[PDB]
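In the structure tokens that follow, the same protein chain appears in two forms, which are kept apart as structure 1 and structure 2.
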Structure 1
């Protein structure tokens, strides 16, 4: 797993600890998603992403990981009981 500066900064503000993420991921895949990010979404290299992704965890308490890069692309805000899951997430597969 790769955790960039952005995700690292979000962790303590969204209720996640280093262990929470590791444990959630070790529990196994619980769904799938996709990491589509246009070049402009990824400065300063601007490579973008067009990769399958895997979801770990459960509704409101999940992490999304890029299958190719191992990058954590999203972490839900566990402090928000009304967090609406990303529409691209498909649970089960």
Structure 2
């Protein structure tokens, strides 16, 4: 644990967004920093088309995070580390409470 799967859309975004595989691995293994969800209608989950409505965990920091589906281990989002003005997904609940 955790997972990890990275779909081809995310792999394509990685060098555009400042991520290497190692950065991903390291960010994730440093531990949970927040919580989100992987909520995707069936049409949006090729090739299986089953849909996701799963809890997700956030790893890394604001502007520099990856979001991981807790059931599947799929990475669902990566921020653009390379954009000092990246707008964090407002839906993430950071830290605890």
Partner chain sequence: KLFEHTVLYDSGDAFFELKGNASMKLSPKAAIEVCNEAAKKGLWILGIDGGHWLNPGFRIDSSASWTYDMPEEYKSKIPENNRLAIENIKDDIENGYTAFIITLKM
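Residue numbers count along the first chain shown, from 1. Take the two forms, superpose them, and find the largest set of C-alpha atoms that agree within 1.5 Å; that set is the rigid core. Shifts are known only where both forms have a C-alpha.
Legend entry - Form solved without the partner chain - structure 1 or 2: Only structure 2 fits here, because that chain is the form solved without the partner chain.
Inset, instruction - Answer yes if the Cα of residue 44 shifts by 2 angstroms or more between structures 1 and 2 on a rigid-core superposition, and no otherwise. - result: The answer is yes, as the C-alpha of residue 44 shifts between structures 1 and 2 by 2 Å or more after core alignment.
Legend entry - Rigid-core-superposed Cα shift at residue 88 between structures 1 and 2, Å: Core-aligned C-alpha shift comes out at 1.3 Å.
Inset, instruction - Taking the rigid core as fixed, quantify in angstrom how much the C-alpha of residue 73 shifts between structures 1 and 2. - result: With the rigid core fitted, the alpha carbon of residue 73 is displaced 0.2 Å between structures 1 and 2.
Legend entry - Taking the rigid core as reference, consecutive runs of 3 or more residues that move 2 angstroms or more in Cα between structures 1 and 2: Run shifting 2 Å or more: just 43-45.
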